[PDB]
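File shown: coords00.txt (compact mmCIF, C-alpha atoms and all ligand atoms).
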```txt
# COMPACT_ATOMS: atom_id res chain seq x y z
CA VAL A 15 241.64 53.43 108.07
CA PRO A 16 240.14 52.65 111.51
CA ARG A 17 242.61 51.58 114.21
CA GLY A 18 242.74 48.12 115.78
CA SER A 19 244.11 45.86 113.05
CA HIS A 20 247.16 43.56 113.23
CA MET A 21 249.11 44.06 110.02
CA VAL A 22 251.83 41.52 109.17
CA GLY A 23 254.22 42.57 106.43
CA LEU A 24 257.20 40.96 104.73
CA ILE A 25 260.13 43.07 103.58
CA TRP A 26 263.14 41.86 101.56
CA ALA A 27 265.66 42.70 98.85
CA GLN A 28 266.26 40.13 96.14
CA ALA A 29 268.37 39.62 93.05
CA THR A 30 266.39 38.86 89.89
CA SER A 31 266.86 35.14 90.59
CA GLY A 32 265.25 35.42 94.00
CA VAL A 33 268.56 35.08 95.83
CA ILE A 34 268.45 37.09 99.08
CA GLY A 35 271.34 35.63 101.05
CA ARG A 36 274.67 33.93 100.54
CA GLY A 37 277.47 33.03 102.96
CA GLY A 38 275.49 34.34 105.93
CA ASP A 39 275.35 37.76 104.28
CA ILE A 40 273.44 39.74 101.63
CA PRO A 41 275.62 39.50 98.47
CA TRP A 42 275.42 43.20 97.52
CA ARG A 43 275.39 46.57 99.21
CA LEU A 44 272.66 49.10 98.55
CA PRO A 45 272.54 51.98 101.07
CA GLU A 46 269.40 53.28 99.36
CA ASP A 47 267.69 49.99 100.24
CA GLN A 48 268.91 50.20 103.85
CA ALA A 49 267.28 53.65 104.08
CA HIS A 50 264.08 52.25 102.52
CA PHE A 51 264.06 49.28 104.88
CA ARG A 52 264.56 51.53 107.88
CA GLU A 53 261.74 53.82 106.72
CA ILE A 54 259.17 51.05 106.28
CA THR A 55 259.96 49.25 109.54
CA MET A 56 260.62 52.17 111.87
CA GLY A 57 258.49 52.27 115.01
CA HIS A 58 257.17 48.75 114.49
CA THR A 59 257.93 45.24 115.64
CA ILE A 60 260.48 43.42 113.49
CA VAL A 61 260.72 39.63 113.41
CA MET A 62 263.76 37.78 112.15
CA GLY A 63 265.23 34.30 112.15
CA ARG A 64 268.23 33.54 114.33
CA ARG A 65 270.55 33.40 111.30
CA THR A 66 269.48 36.91 110.25
CA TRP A 67 270.12 38.18 113.79
CA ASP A 68 273.58 36.57 113.57
CA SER A 69 274.13 38.24 110.19
CA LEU A 70 273.92 41.66 111.84
CA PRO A 71 277.15 43.05 113.34
CA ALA A 72 276.96 43.25 117.14
CA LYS A 73 277.56 47.00 116.79
CA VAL A 74 274.24 47.58 115.03
CA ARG A 75 272.05 45.20 117.11
CA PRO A 76 269.22 45.51 118.08
CA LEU A 77 268.04 47.63 115.15
CA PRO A 78 267.10 51.03 116.62
CA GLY A 79 263.56 52.33 117.15
CA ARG A 80 261.97 48.91 116.63
CA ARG A 81 260.98 46.03 118.90
CA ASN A 82 263.40 43.27 117.83
CA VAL A 83 262.08 39.68 117.90
CA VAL A 84 264.26 36.66 117.08
CA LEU A 85 262.88 33.26 116.16
CA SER A 86 265.00 30.34 117.37
CA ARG A 87 264.55 26.72 118.46
CA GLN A 88 267.21 27.33 121.12
CA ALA A 89 265.51 28.30 124.39
CA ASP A 90 268.82 29.57 125.76
CA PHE A 91 269.72 31.82 122.83
CA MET A 92 271.27 35.11 123.95
CA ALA A 93 270.11 38.03 121.82
CA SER A 94 271.07 41.19 123.66
CA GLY A 95 268.37 43.82 123.40
CA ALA A 96 265.88 41.54 121.66
CA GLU A 97 263.32 38.93 122.71
CA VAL A 98 263.46 35.30 121.58
CA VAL A 99 260.39 33.27 120.56
CA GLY A 100 260.24 29.58 119.65
CA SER A 101 257.41 29.86 117.11
CA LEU A 102 255.56 32.63 115.28
CA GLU A 103 252.43 31.94 117.35
CA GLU A 104 253.18 34.87 119.66
CA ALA A 105 255.51 36.82 117.38
CA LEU A 106 252.72 38.54 115.46
CA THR A 107 250.82 40.18 118.34
CA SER A 108 251.80 43.78 117.56
CA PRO A 109 249.53 46.23 115.66
CA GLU A 110 252.14 46.27 112.91
CA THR A 111 254.83 43.63 112.46
CA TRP A 112 257.49 43.41 109.75
CA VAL A 113 259.15 40.09 109.05
CA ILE A 114 262.66 41.04 107.96
CA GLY A 115 264.15 37.65 107.03
CA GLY A 116 265.60 35.37 106.29
CA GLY A 117 264.47 32.75 103.79
CA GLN A 118 263.15 30.28 106.34
CA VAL A 119 261.17 32.83 108.28
CA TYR A 120 259.62 34.36 105.14
CA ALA A 121 258.20 30.94 104.28
CA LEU A 122 256.81 30.58 107.83
CA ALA A 123 255.22 34.06 107.95
CA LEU A 124 253.87 34.48 104.42
CA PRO A 125 250.44 32.90 105.16
CA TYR A 126 249.72 35.68 107.70
CA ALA A 127 251.09 38.55 105.62
CA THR A 128 248.95 41.19 103.90
CA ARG A 129 251.81 43.43 102.74
CA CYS A 130 255.10 42.76 100.96
CA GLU A 131 257.77 45.41 100.35
CA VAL A 132 260.26 44.11 97.83
CA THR A 133 263.43 45.67 96.54
CA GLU A 134 264.47 44.06 93.27
CA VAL A 135 268.17 44.42 92.51
CA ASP A 136 269.17 44.02 88.85
CA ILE A 137 272.01 41.61 89.53
CA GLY A 138 272.35 38.24 87.83
CA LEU A 139 273.23 35.96 90.71
CA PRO A 140 272.21 32.44 89.74
CA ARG A 141 270.84 30.39 92.65
CA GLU A 142 273.57 28.34 94.35
CA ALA A 143 273.54 25.58 96.96
CA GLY A 144 272.95 26.99 100.41
CA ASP A 145 271.53 30.32 99.22
CA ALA A 146 268.64 31.91 101.10
CA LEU A 147 265.76 32.56 98.68
CA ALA A 148 262.84 34.97 98.52
CA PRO A 149 259.37 33.49 98.69
CA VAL A 150 257.43 33.12 95.46
CA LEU A 151 254.44 35.47 95.34
CA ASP A 152 251.17 34.14 93.88
CA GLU A 153 248.47 36.07 92.01
CA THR A 154 246.72 37.17 95.21
CA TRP A 155 249.28 39.95 95.60
CA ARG A 156 248.70 43.31 93.95
CA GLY A 157 250.24 46.76 94.04
CA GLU A 158 252.65 49.27 92.60
CA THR A 159 255.85 48.59 90.70
CA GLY A 160 258.41 51.36 90.92
CA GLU A 161 260.62 52.74 88.17
CA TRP A 162 264.22 51.53 87.87
CA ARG A 163 266.74 53.72 89.69
CA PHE A 164 270.53 53.70 89.75
CA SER A 165 272.12 53.63 93.18
CA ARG A 166 275.15 55.77 93.91
CA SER A 167 277.22 52.64 93.21
CA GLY A 168 275.65 52.13 89.76
CA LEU A 169 273.61 49.16 90.89
CA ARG A 170 270.11 49.20 89.35
CA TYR A 171 267.07 48.57 91.59
CA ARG A 172 263.32 49.11 91.90
CA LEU A 173 260.72 48.93 94.62
CA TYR A 174 257.55 46.88 94.70
CA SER A 175 254.81 47.63 97.20
CA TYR A 176 252.41 44.68 97.31
CA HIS A 177 249.32 44.03 99.39
CA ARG A 178 246.29 41.76 99.58
CA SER A 179 243.13 41.20 101.63
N1 LIG B 1 268.19 40.31 101.22
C1 LIG B 1 267.38 40.41 102.28
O1 LIG B 1 266.35 41.08 102.23
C2 LIG B 1 267.71 39.65 103.52
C3 LIG B 1 267.04 39.90 104.72
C4 LIG B 1 267.37 39.14 105.85
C5 LIG B 1 268.35 38.16 105.75
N2 LIG B 1 268.99 37.94 104.58
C6 LIG B 1 270.00 36.88 104.45
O2 LIG B 1 269.36 35.60 104.53
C7 LIG B 1 270.22 34.66 105.18
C8 LIG B 1 269.54 34.09 106.44
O3 LIG B 1 268.37 33.39 106.03
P1 LIG B 1 268.14 31.85 106.43
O4 LIG B 1 266.93 31.34 105.67
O5 LIG B 1 269.46 31.11 106.30
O6 LIG B 1 267.85 31.88 108.01
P2 LIG B 1 266.73 32.68 108.87
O7 LIG B 1 265.34 32.47 108.35
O8 LIG B 1 267.23 34.08 109.13
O9 LIG B 1 266.96 31.93 110.26
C9 LIG B 1 266.74 30.53 110.36
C10 LIG B 1 266.74 30.19 111.83
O10 LIG B 1 265.48 30.57 112.36
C11 LIG B 1 265.05 29.61 113.33
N3 LIG B 1 263.83 28.94 112.84
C12 LIG B 1 263.52 28.64 111.56
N4 LIG B 1 262.32 28.01 111.48
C13 LIG B 1 261.85 27.91 112.74
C14 LIG B 1 260.63 27.37 113.38
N5 LIG B 1 259.65 26.78 112.64
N6 LIG B 1 260.55 27.47 114.72
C15 LIG B 1 261.51 28.04 115.47
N7 LIG B 1 262.64 28.56 114.97
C16 LIG B 1 262.85 28.52 113.63
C17 LIG B 1 266.18 28.59 113.44
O11 LIG B 1 267.06 29.09 114.44
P3 LIG B 1 267.99 28.15 115.38
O12 LIG B 1 268.96 27.52 114.40
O13 LIG B 1 268.67 29.12 116.32
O14 LIG B 1 267.05 27.15 115.99
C18 LIG B 1 266.81 28.69 112.07
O15 LIG B 1 268.16 28.21 112.00
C19 LIG B 1 271.49 35.40 105.52
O16 LIG B 1 272.38 35.18 104.41
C20 LIG B 1 271.06 36.85 105.53
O17 LIG B 1 272.14 37.71 105.17
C21 LIG B 1 268.68 38.66 103.48
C1 LIG B 2 273.78 50.50 107.64
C2 LIG B 2 273.82 49.06 108.14
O1 LIG B 2 272.54 48.75 108.70
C3 LIG B 2 272.35 47.50 109.15
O2 LIG B 2 273.30 46.86 109.60
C4 LIG B 2 270.94 47.00 108.98
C5 LIG B 2 270.62 46.96 107.48
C6 LIG B 2 271.48 45.95 106.76
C7 LIG B 2 272.58 46.43 106.02
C8 LIG B 2 273.44 45.55 105.34
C9 LIG B 2 273.19 44.18 105.39
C10 LIG B 2 272.11 43.69 106.13
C11 LIG B 2 271.25 44.58 106.81
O3 LIG B 2 270.17 44.10 107.54
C12 LIG B 2 269.73 42.76 107.37
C13 LIG B 2 268.25 42.64 107.84
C14 LIG B 2 267.31 43.51 106.96
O4 LIG B 2 267.37 43.02 105.62
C15 LIG B 2 266.69 43.74 104.66
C16 LIG B 2 265.31 43.46 104.44
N1 LIG B 2 264.61 42.57 105.18
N2 LIG B 2 264.60 44.12 103.46
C17 LIG B 2 265.30 45.02 102.73
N3 LIG B 2 264.58 45.68 101.74
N4 LIG B 2 266.61 45.32 102.87
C18 LIG B 2 267.29 44.66 103.84
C19 LIG B 2 268.73 45.01 103.99
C20 LIG B 2 268.94 46.50 104.25
```
Could you show the structure in this file as structure tokens?
Amino acid sequence: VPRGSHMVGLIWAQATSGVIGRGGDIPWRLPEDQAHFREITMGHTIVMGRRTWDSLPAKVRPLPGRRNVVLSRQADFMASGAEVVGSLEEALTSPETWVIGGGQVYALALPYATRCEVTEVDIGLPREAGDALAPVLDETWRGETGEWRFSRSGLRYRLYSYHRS
């Protein structure tokens, strides 16, 4: 793989229904997925919507070892340790960028993405008003589906690694 390409990837964890967010939070806890997320994104640029930035406790922000970028329409938004952009036009300039949520920003970034790393959580959360949702992937995406695994908590999950040209 010759150097010099600008890879844009999407990474998310979803319930079976496609629910990714509820009440300004992720409605489950899966440490194994946090470790997975960290592993994929480490050393790269991460892009997130303002609501996702807000969803992170101040104590953990900006996420370590990564260039944190926050998308907002508020020119005066204060995001300590991160940069704020007002469109994705200049958010995808890095050699490798991972869009890390939330629902709105996934929809905005998907047309530029060539990788998707999805954690599917076997939890039956029906979609509710106000939920953040995963994007729907079309038939252009291909890749490897992982085997089901139990987390330490008993929650069942599996990993999808998708890509396309
Ligand atoms: N399960 C997962 O993998 C995962 C990952 C990340 C987040 N989440 C969850 O998802 C939820 C957040 O997702 P969300 O869809 O509500 O919000 P989001 O995509 O994180 O953020 C939306 C905000 O981004 C800014 N924005 C959106 N479109 C824009 C555009 N075209 N130009 C400029 N700025 C734009 C706006 O910020 P301003 O309002 O400041 O203008 C908007 O309010 C939370 O519940 C979070 O916990 C889940
Ligand atoms: C030790 C706690 O670590 C943190 O606070 C950061 C991890 C974290 C934990 C808890 C809640 C949110 C969170 O981050 C919300 C942004 C990332 O969301 C994603 C994502 N885009 N893709 C995947 N596969 N998983 C997650 C969540 C780990």
Mind listing as a ChimeraX atom specification all residues within 10 Å of (266.9, 45.9, 117.0), counting all atoms listed in the file? /A:59-62,67,70,74-84,93-97
Residue contacts of residue 146 of chain A (12 Å, only C-alpha atoms) excluding same-chain residues fewer than 3 positions away, as a PyMOL selection string: chain A and resi 26-29+31-41+63+65-66+115-121+140-143+149
So that all listed atoms of ligand LIG 2 (chain B) fit with 5 Å spare on each side, what axis-aligned box centre and edge lengths in Å, to one decimal, would you give as JSON?
```
{"center_x": 269.2, "center_y": 46.5, "center_z": 105.7, "size_x": 19.2, "size_y": 17.9, "size_z": 17.9}
```
Could you check which of A:106, A:147, A:44, A:72 is closest to residue 166 of chain A, using all atoms listed in the file? A:44
Rounded to one decimal in Å, what is the spacing between atom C17 of ligand LIG 1 (chain B) and atom CA of residue 176 of chain A? 26.6 Å
